[PDB]
Structure formats: structure tokens, C-alpha cells
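Engineer: Before I ask anything, here is the structure I am working with.
As a convention, Cβ positions derive from the backbone with ideal geometry for all residues, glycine included, and neighbour counts pool all protein chains shown. Each answer follows from the model by the rule given with it, or from the source it names; no laboratory read-out is quoted.
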2 protein chains.
Amino acid sequence: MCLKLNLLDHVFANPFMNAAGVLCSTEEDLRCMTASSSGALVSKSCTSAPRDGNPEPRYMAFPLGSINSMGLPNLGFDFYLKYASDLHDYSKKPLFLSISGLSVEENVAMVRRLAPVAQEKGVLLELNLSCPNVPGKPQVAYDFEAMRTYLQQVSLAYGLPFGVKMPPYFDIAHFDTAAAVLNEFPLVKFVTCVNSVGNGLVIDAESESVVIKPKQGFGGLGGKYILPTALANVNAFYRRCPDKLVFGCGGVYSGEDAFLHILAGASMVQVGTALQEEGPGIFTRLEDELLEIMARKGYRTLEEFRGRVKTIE
Amino acid sequence: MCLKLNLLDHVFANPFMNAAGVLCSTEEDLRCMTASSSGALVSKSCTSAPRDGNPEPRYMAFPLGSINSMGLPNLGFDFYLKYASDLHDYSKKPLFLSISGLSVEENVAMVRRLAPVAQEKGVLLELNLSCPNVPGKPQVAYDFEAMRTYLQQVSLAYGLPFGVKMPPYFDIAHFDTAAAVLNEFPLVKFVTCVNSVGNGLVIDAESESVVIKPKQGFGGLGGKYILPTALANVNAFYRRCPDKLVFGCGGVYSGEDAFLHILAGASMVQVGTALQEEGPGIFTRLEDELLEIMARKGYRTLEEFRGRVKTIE
Ligand SMILES: Cc1cc2nc3c(=O)[nH]c(=O)nc-3n(C[C@H](O)[C@H](O)[C@H](O)COP(=O)(O)O)c2cc1C
Ligand SMILES: Cc1cc2nc3c(=O)[nH]c(=O)nc-3n(C[C@H](O)[C@H](O)[C@H](O)COP(=O)(O)O)c2cc1C
Ligand SMILES: COC(=O)c1ccc2cc(CCc3c(C(=O)O)[nH]c(=O)[nH]c3=O)ccc2c1
Ligand SMILES: COC(=O)c1ccc2cc(CCc3c(C(=O)O)[nH]c(=O)[nH]c3=O)ccc2c1
């Protein structure tokens, strides 16, 4: 028994991959993720031009999770495109590429150049809608006319199957509205729920100080704090987007957490904070633990329980 | 060394109170909160007409917190008004009365009848703005026109100092926009941040089932899950509303959690899930733990460190 699956016309040894942001910035990172047992990998979200990011300290982890405000440091799209084009060993696993340009025009310019490599090599695109934080107006995904524009312009410019990375929502009317926008677009084949829970604040009681330097300590929350939130989002989109895959992300520390995501409807399961904390070895443990839970229950396939979460009465 | 505070023309032995909806539904509950060593109490959020609430089960708790979809079960306005006018013992501690009407008109009717008791007995109003409005629209506080509408109408109808209970926000733009709207209304002397994190989803691995019955398991999150969220909101509003008080609510299980909320800017500190789980003896523990932290650090009062979270550079 084993966890292989097939999606978006690619083979995956299992449904586990890193979350965009974590261990995927450098060639070293990417080679390492590739050498791992992950079923797949995603590159750091990129911009046209290299960026240094925000002032350190900008990431911190705690027993219950993480807080970050990295500010989108990355080597520039020319680096990840070249990794996608000449360095990645596709015989090992599929590769997803994340773009998070700061304007629709920035993203349109990137995807046009990515399209041919997608054709030739099979790299897959994840569009980060979560995204920066627009200065007088909210992030793209919390402003649905903006979201509809980006998706229009991008599907025109790329013209292949792609996916989008969503921030969490917290209201039924926004699920309905967001999901309706997404279903306007047939090329969006997958939705990744969720990005970090935006603008938390961790304060350390001993020094009476915030723990990260940018934005007066305010940052995105990962890890055990957001699992119930990530599961609501996965399952809300699972239910509202029947002709799309849902990739779940958020708070996976065990095979159990992974098992819950899948039951909520996840086809792939992404690991962020726990991978940052534990390192790539976590893939062999999560596999094992997930295979153990399946074995105890009599499940031979992920298809047997994907999306089959039970409701009461 | 003491936890005493004077605000809104009332005296409070300590900053601790129950969160609205927890241990405040019945006369039995309210008498219990009053016999506790809480600095104050707040009554369950009421509607005009008594309500049964949603079907059971509807609340559940776990090591890291809770989920609920209670559906506003309460005894009705007349019961809590009568509690405020005839049964409550204001010489023990102050009372807050929470109103969460299902339309602007229902809130207006209640507050008009509350006014004279507010004046004669000194009961204090907390308007729950995290109420649903018309379905298919976001809750009131996520819809800034509805929020504005509700505040002008209740301000005109009530004519007295009241406060407002806010849900969490996750985007700077919303912080700015919600605080700008709040600052239009001089009678809003206080802001409670935050209500439950909306529509999380808790799934039980052994049963493969959601754990609450209403809404396909989707519910409001409290507890350890939401501390950082809650401090972010406390502190955003403490910085954005210099002429109003902030009450903090969110994942307080200890004096250190209360300490943190207070450094973020909290004047009062409410306890929800921890109180539901532990019962009202929790208040003596919280007070001793908080005083223990203050001694160790040299602080003799709360205003010595309220709002005094340090940033880096
Ligand atoms: C240090 C760090 C960097 C991240 N960078 C990105 C990024 O570039 N693009 C992106 O879409 N998400 C990014 N994320 C968000 C993660 O992809 C993930 O959505 C989030 O951490 C929640 O999952 P977790 O609970 O498993 O950590 C980052 C998260 C962290 C902690
Ligand atoms: C069972 C239950 C009932 C609640 N009822 C109300 C309510 O009637 N009105 C309200 O404003 N908030 C209500 N809340 C939210 C709490 O007042 C509080 O804001 C939230 O639980 C966060 O506090 P905690 O993290 O201490 O649980 C309720 C929470 C729970 C768990
Ligand atoms: C005010 O600080 C900024 O300039 C800033 C802050 C956060 C940003 C966040 C992003 C999105 C990339 C990202 C990040 C990140 O790189 O900071 N962290 C996350 O948890 N999720 C993400 O998707 C892009 C630009 C940003 C710029
Ligand atoms: C579940 O669908 C419903 O019919 C319904 C009706 C009224 C509601 C009213 C509220 C607001 C009162 C409230 C509740 C509550 O009573 O459910 N729970 C919270 O955690 N915070 C709250 O502020 C929340 C959900 C509701 C759901």
C-alpha cells in the first residue's frame, strides 16, 4: 500500500509538499526539497526583480505556531524560471511555481514568459492572491472586483491550467462570493486554502516586546493556531467548487492533521510552519502516520475518504 | 500593589470579567458571576423575544479552544432589563448588558427602554456588532455602511455612553476603516476586541465527523487559537482610537495572557472559553497570577504598563 495519486495530468508519489515561502527560496532549498520524500515542491513566491524583504527579525516560531512578515524576499522570477527551465529534475517530482507580483501588469508579464516553459516542461503555476497588501485598499483576495480583474488578465496572458493561493475568509457570504468569482474561470483548476491568517501580533511577556521587527510586530499566523480555519476554508471551497481541486494548507504537524484536511476535501496537503521547524524529514513521518490511520480504518485510497467528512443529522 | 481601576464613572476591583454569552444566560448564572471575584460581569446577548437557539450539540471545547454555533439563545430583553433594574446588586460590582438585535430597529427598541435604567441604576451597554444582519450579507461589523447605520440610530436612540463588541479583522485597511467609523461616534466610549473567529471548522479524526450540528459544523472559534489575533485587534484599536477605551477578549487562560492583553492596550479583560471550561474560580487564579507577574517586574498598577508594548526599533 502507498499514497500515489494523479492530478492536473501529473503523477505524485504522495499528496505532501512544502508550502510556498518555506525552504524554497534558493537553489540549495529547492535541491533539498527535491531530494525529500515530498510528492512535490513549490518555489518561493516571486517578483520580476530580486527583493531583500523586510528587516530581521521577520519570522518566529512557538509551540503553537508561527508569525511572519518576510516582505517577499526572493531571487527574482528570472531565477525561478531558470530553475523551472534548466535545473529541475522532473523525473523526481512535479514542480509548482509561485508568482506574487505586486501588480496585475507585473503578474501578466511573468505568466507570459512562464507559459512556454509550462508547455515544454510541465511546471505548474500557483498565483498568489494573498498577495502583498495594497496601500489604501485591501489585499486582492478581500476585494473581489480586483480579484476578478487579476484572474481575467492572467487567464488571457497564460492560457493554461493554473491555480490560486487564497487567504482565509471568515464569513459565509465571502465564501459564496469568492467561490463564485473563482468559478467564473475555467483555467483555475485548483485553489490552495489557506495563506497565513493575516496580521496577528505575538508579544513576549518577559521583555514586554513584539517579536518581529516590521509593521510594529504585526504578521501572518501559521501553524497550530489556524488549523480549524484552514479546514473550514478547504471544505467551504470543496463544496462550492466541484469542477476544481482544493489543496489544503495550514497547521499540518501530523498525519492526523493531514487526514483531516483530506476529509475536508484536500487533494494535496501543504506543510509550512512544521517544515520550517522540523526540516524536510517531516515528509517521511507524515507519510507513515497517514498510512497508519488509513490502515486502522480500512482505507486503501485517498479517494475513499476525500471530502467525506460527516455532518450531524 | 493592586488591580483596581476607575473607568466610565465606575469602580472595578480588578479588570476581569466574563465574556458575553459565557455564564450569563440565566438568573442562576448571573448571581454566580456576581458572587465570583470578577471585577464585573456582562449579560448574555439578548434579542427582543426569547430564543431557543440552534440545535444541540452546539458548543464544544478542546485543549486549544472552542467552537460554537449557539444561535443567540437567551431569555429575552425583558428578563435582562429586569435583572438590571430590580435584581442586580451594583454594590458588589458593575453590570454590563449586551444587546444583539437582529436588525437595527430591534436594537433601537431595546436601547430606548434601556436608557432610563442606564441612567438610574448605572448599567452599561455593549452593542454586539458581530451580529448577523440580512442573510447573504456579511455580519454587521464587516459591512461598514450597516455598521455606520446601526451606530447613528442607536446613538440617537440611546443618548448615553455605550460600547461596542467587534469581531476580528485581518487586514490593515479594515482596521483603518473600522476605527475611522468608530471615531465618528463620541458616545462609543469603549470597544471590545474580539468576538469569536468566524466559521472555523473542527473535525474529529476517529469519528470522521464535524463536532457541532448547526451549519455543517462551521462555528466561531475561541481560546488559545485566537490569542494573537485578539492582541493584534486590541492594539490596532488602542493606537487608532486615543479617546476610547479598549476591552480585550480572546484566548485568556492565565495572568500572563491577561498581562499581554493589557500591554497591548486593554483596560478590561474578558474571559470566555477558559471560564466555560474552568468555571468562575478561574478569576481568583487569574488575579493572583497577574499580581505575581506585576510584583516580579516592579509594577504597582495596571496603567504603569497598559499600552506599553515595545516595538523593535
Ligand atoms: C516564513 C514564511 C514564508 C512564507 N512565504 C510565503 C510565500 O512566499 N507565498 C505564499 O503564498 N505563502 C507563503 N507563506 C504562507 C505559507 O505558504 C502557508 O500558507 C502558511 O504558513 C500557513 O500554513 P502552515 O500553518 O502550515 O504554516 C509563508 C509562510 C511562512 C511561515
Ligand atoms: C458558548 C459561547 C457563547 C458566546 N456568546 C456570545 C454572545 O452571546 N455575544 C457575544 O458578543 N459573544 C459571544 N461569545 C464570544 C465570546 O464573548 C468571546 O468574544 C470569544 O469566545 C473569544 O473569547 P475566548 O477566546 O475567551 O473564548 C460566545 C462564545 C462562546 C464560546
Ligand atoms: C509592510 O511589509 C511589506 O512590505 C510586506 C509585508 C508582507 C508581504 C507579504 C507578501 C506575500 C508573501 C507572503 C509572505 C511574505 O513573504 O511576507 N508571508 C506569508 O505568510 N504569506 C505570503 O503570501 C508579499 C509582500 C509583502 C510585503
Ligand atoms: C446558525 O444560524 C443561526 O440561525 C444563527 C442565528 C443568530 C446568531 C447570532 C450570533 C451572535 C451571538 C454569538 C454567538 C451565538 O450565540 O451563536 N456565538 C458567538 O461565538 N458569538 C456571538 O456573538 C451568532 C450566530 C448566530 C447564528
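Engineer: Can you list the strands (runs of 3 or more DSSP E) found entirely within region A:1-41 that contain at least 2 residues being surrounded by fewer than 22 Cβ atoms within 10 Å (Cβ to Cβ) and away from ligand 1 (no atom under 12 Å from the Cβ)?
Structural biologist: By residue number, A:5-7, A:10-12.
Engineer: Could you tell me which numbered condition B:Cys46 fails, if it satisfies all but one of (1) under 17 Å from B:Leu114 (Cα atoms); (2) away from ligand 4 (no atom under 13 Å from the Cβ); (3) surrounded by 15 or more Cβ atoms within 10 Å (Cβ to Cβ)?
Structural biologist: All conditions are met except number (2).
Engineer: Can you pull out every residue in region A:177-192 that is surrounded by 21 or more Cβ atoms within 10 Å (Cβ to Cβ) and in contact with a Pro (Cβ under 7 Å, 6 or more places away or on another chain)?
Structural biologist: None - no residue of region A:177-192 is surrounded by 21 or more Cβ atoms within 10 Å (Cβ to Cβ) and in contact with a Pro (Cβ under 7 Å, 6 or more places away or on another chain), so the list stays empty.
Engineer: Restricting attention to region B:92-112, and to residues there that are outside any helix (DSSP H, G or I) and among the hydrophobic types (A, V, I, L, M, F, W, C), which single residue is nearest to B:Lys215 (Cα to Cα)?
Structural biologist: Among those residues, the one meeting the criterion is B:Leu102.
Engineer: Of the residues A:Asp78, A:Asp89, only one is of a type outside the set (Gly, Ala, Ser), in a loop (DSSP other than H, G, I, E, B), away from ligand 1 (no atom under 14 Å from the Cβ) and assigned by CATH to the domain that holds A:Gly159; which?
Structural biologist: A:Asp89
Engineer: Could you please tell me which pairs satisfy a Cβ distance under 9 Å, a separation of 6+ or placement on different chains, a first residue in region B:287-313 that is farther than 11 Å from B:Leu3 by Cα, and a second residue that is among the aromatic types (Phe, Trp, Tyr) and part of a loop (DSSP other than H, G, I, E, B)?
Structural biologist: Filtered contacts from region B:287-313: B:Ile293/B:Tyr299; B:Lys297/B:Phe305; B:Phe305/B:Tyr299.
Engineer: Would you please name the residue that is surrounded by the fewest Cβ atoms within 10 Å (Cβ to Cβ), looking only at residues in region A:227-238 that are touching a residue at least 60 places away in the same chain (Cβ under 8 Å) and farther than 13 Å from B:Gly220 by Cα?
Structural biologist: That would be A:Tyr238.
Engineer: If you don't mind, another one. Identify, please: which residue in region A:239-256 is surrounded by fewer than 24 Cβ atoms within 10 Å (Cβ to Cβ) and within 11 Å of chain B (Cβ to nearest Cβ) and is, among those, nearest to B:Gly219 (Cα to Cα)?
Structural biologist: Among residues in region A:239-256 that are surrounded by fewer than 24 Cβ atoms within 10 Å (Cβ to Cβ) and within 11 Å of chain B (Cβ to nearest Cβ), the one nearest to B:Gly219 (Cα to Cα) is A:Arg239.
Engineer: Could you list all residues from region A:131-160 that are part of a loop (DSSP other than H, G, I, E, B) and closer than 29 Å to A:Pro228 by Cα?
Structural biologist: A:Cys131, A:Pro132, A:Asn133, A:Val134, A:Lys137, A:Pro138, A:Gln139, A:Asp143
Engineer: Turning to a different aspect of this structure: Of all residues in region B:145-194, which are under 23 Å from B:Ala264 (Cβ atoms), out of contact with any strand residue (DSSP E or B) (no Cβ under 9 Å at 6 or more places or on another chain) and charged (D, E, K, R)?
Structural biologist: Result: B:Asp176, single match.
Engineer: Can you pull out every residue in region B:257-279 that is among the hydrophobic types (A, V, I, L, M, F, W, C), out of contact with any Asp or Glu (no Cβ under 7 Å at 6 or more places or on another chain) and either within 11 Å of chain A (Cβ to nearest Cβ) or more than 8 Å from ligand 2 (Cβ to nearest atom) (or both)?
Structural biologist: Residues satisfying the conditions are B:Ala258, B:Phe259, B:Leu260, B:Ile262, B:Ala264, B:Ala266, B:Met268, B:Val269.
Engineer: Let me ask something else about it. Is region B:182-194 home to any residue that is over 15 Å from the mean Cα position of the chain (by Cα), acidic (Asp, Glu) and at the interface with chain A (Cβ under 9 Å from one of its Cβ atoms)?
Structural biologist: no
Engineer: Now, a different point. I'd like the residue in region A:67-113 that is in contact with a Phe, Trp or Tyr (Cβ under 9 Å, 6 or more places away or on another chain) and basic (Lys, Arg) and, out of all such residues, is nearest to A:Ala40 (Cα to Cα).
Structural biologist: A:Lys93
Engineer: What are the residue pairs meeting all of these: first residue in region B:50-70, first residue closer than 10 Å to B:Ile212 by Cβ and outside any strand (DSSP E or B), second residue within 11 Å of ligand 2 (Cβ to nearest atom) and hydrophobic (A, V, I, L, M, F, W, C), Cβ atoms under 6 Å, and 6 or more apart or on different chains?
Structural biologist: B:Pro57/B:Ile212; B:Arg58/B:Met70; B:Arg58/B:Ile212; B:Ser69/B:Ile212
Engineer: Please verify whether A:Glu277 is within 26 Å of B:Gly223 (Cβ to Cβ) and surrounded by fewer than 24 Cβ atoms within 10 Å (Cβ to Cβ), treating the condition exactly as stated.
Structural biologist: So A:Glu277 fits the description; yes.
Engineer: Which of the residues spanning region A:171-187 are part of a helix (DSSP H, G or I) and within 12 Å of A:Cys241 (Cβ to Cβ)?
Structural biologist: Residues satisfying the conditions are A:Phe175, A:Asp176, A:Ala178, A:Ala179, A:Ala180, A:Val181, A:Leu182, A:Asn183.
Engineer: Name the residues in region B:208-223 that are facing chain A (nearest Cβ under 7 Å), surrounded by fewer than 24 Cβ atoms within 10 Å (Cβ to Cβ) and in contact with a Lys or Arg (Cβ under 9 Å, 6 or more places away or on another chain), would you?
Structural biologist: Listed by number, the residues that qualify are B:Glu208, B:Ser209, B:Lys213, B:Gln216.
Rundown of residues vs (1) away from ligand 1 (no atom under 16 Å from the Cβ); (2) surrounded by fewer than 24 Cβ atoms within 10 Å (Cβ to Cβ); (3) closer than 30 Å to A:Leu221 by Cα; (4) in contact (Cβ under 8 Å) with a residue 60 or more places away in the chain, yes/no style:
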site: B:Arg113; (1), (2), (3), (4): yes, yes, no, no
site: B:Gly122; (1), (2), (3), (4): yes, yes, no, yes
site: B:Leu129; (1), (2), (3), (4): yes, no, yes, no
site: B:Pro132; (1), (2), (3), (4): yes, yes, yes, no
site: B:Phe144; (1), (2), (3), (4): yes, yes, yes, no
site: B:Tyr158; (1), (2), (3), (4): yes, yes, no, no
site: B:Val164; (1), (2), (3), (4): yes, no, yes, no
site: B:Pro168; (1), (2), (3), (4): yes, no, yes, yes
